[PDB]
Structure formats: structure tokens, C-alpha cells
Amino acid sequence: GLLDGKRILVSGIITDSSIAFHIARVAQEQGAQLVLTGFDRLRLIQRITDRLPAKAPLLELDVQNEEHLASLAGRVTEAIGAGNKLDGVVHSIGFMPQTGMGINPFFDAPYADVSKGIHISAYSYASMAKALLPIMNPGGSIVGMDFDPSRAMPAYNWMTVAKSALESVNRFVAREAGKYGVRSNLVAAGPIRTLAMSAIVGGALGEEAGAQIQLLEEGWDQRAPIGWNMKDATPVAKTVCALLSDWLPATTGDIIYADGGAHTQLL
């Protein structure tokens, strides 16, 4: 398999529609040995991950919790066995309070809410790299999830701002990761119909925001020369596995677009 013998940490599973669930599934189909991390609802996450092709230890990780971050490398080492290190790290963590996304005006998001969103969605990519680089092998790979923020768009609002910050954070993490012989890259995915996104498109954060995101999804598939299927995270999961593999060994501080090529076309 593509990832035979690799030890990979995968964060971000919350439902069976999580992009990280599909990353974990594909990595296991490709021979990777995984360690999973989960936030807050660990009983739910264990029940979800019982459906993965192979059994994997699940560790708690709230990226806003400094104690969780400080003990993370020790907890991972205990799970993978002393003398073993990770070959890969997947950051598939993102959050923005409802005041920072949807119909709520861009100017009406309080800073405490924007700050929480940037902490979870951007700063934590550096927090995770800091915690895990001392237990990573040379030739290793750190991958985060991006949503192309080069241009503004309706409804995504402060989540787009957080993604612009994440892209910048990734370039600095690459400088640090390079000292360990480790790569740091992001996968910029097209929109995916996760449970939260289906709810948002359904109007959970206002009607106009749902209508605008539905138009964005349609335009994405129209612009993509190979099309874009929002109900299928497998092409995104495969791209993350390509970066975790030994097949992109000279790519770092960079962004790989798994978006059907939509960002390369205007119409």
C-alpha cells in the first residue's frame, strides 16, 4: 500500500461524514498504522471509528487545552510503543462560532468569537506541530486542511480569514519542520457536504447564507474541469495520503488543491 509501515496521527473525526474519517479509512486501506485524536465527545468518536477498516487507539485532544498539548507526545508514544515515532500527522480541525459565519454581518462577529475560531483553525496547526515534531521521523509529513481563502466569498466570512492565517502559519511550520527532515503542507479541498455543511446549506445559519453556499457549491462543480462531487470526500482523502507518502518529497510550506481544478478557472 501507499503508506505501508507508516505510523500516522489523525485528528478531526467527529462523524462518519468528517473529512478526517475518510482520510483515516484511506490511510488504513493503504497500510498505515494510525493513532486517532478526538475532541470532547470521545464516546461518540470511538463508536464512529469502530467502523474504520482497522482498530486504532483514540486519544483526547482539545487544541485549546495546554495540558492536552503538553502531554500529547507522551500519550502518543505510550500508544505506539517506546522507541517508535510518527511518520505522519493530519490536522483536520476547524471551527468558527456562528457569529463569524453565516448571515450574521461580517462586522458583527465579536473578537472573542473570531479569536476562538483562529485559535482552533489556525494557531493549533502550529501547536500540533510543536507537540509532535519531537516524536516525528525524518522523511515525515504534517498535513492540514485548507479552504481556498485567496478571494473573499459570501457567508464563510471569518472562517475564510482563519484559513488565510492557517496558510501563513503553514509556511512558518514548514521552516521548523524542515529542521526534523519533516514536510508541512495543506490540502485545499473543494466544499464537502459534512453534517454541519448540510445543516448550513439547509439554513441553520440563516436562509441567505444557505442559498449563497449552495450557489458556491454549484459554481465549484461548473468551474472544475473534472467536476466536483461535494458528497465524496474520497478524492480529498487520497490527496492527503499522497502528501503523507514518500511521493511528494520536495514539497513543503505549500498548498495542494484537491478541488477538481475549480480554483484554476474563472468560468
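In this text, residue numbers run from 1 along the sequence as written. The term rigid core refers to the maximal set of C-alpha atoms that superpose within 1.5 Å between the two forms.
- Of the two segments 214 to 222 and 229 to 237, the one whose CA positions lie farther from the displayed form in 7 other deposited structures of this protein, once all are superposed on the rigid core, is 214 to 222.
- In this entry, 104 to 112 has the higher mean Cα B-factor, the comparison being between 183 to 191 and 104 to 112.
- As listed in the deposited structure, the average C-alpha B-factor of 4 to 12 and of 258 to 266 is greater for 4 to 12.
- Looking only at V63, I226, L44, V236, the residue with the top Cα B factor in the deposited structure is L44.
- In the PDB entry, the Cα temperature factor peaks, among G117, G144, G74, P149, at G74.
- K85 sits in the highest third of its chain by CA B factor, as recorded in the PDB entry.
- Among all modelled residues in this chain, the alpha-carbon of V169 has a temperature factor (C-alpha) in the lowest third.
- Per the deposited record, the Cα B-factor of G94 falls in the lowest third when ranked against the other modelled residues of its chain.
- Among the modelled residues of the chain, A162 sits in the lowest third by CA temperature factor in this PDB entry.
- Sorting the modelled residues of the chain by their CA temperature factor places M230 in the middle third.
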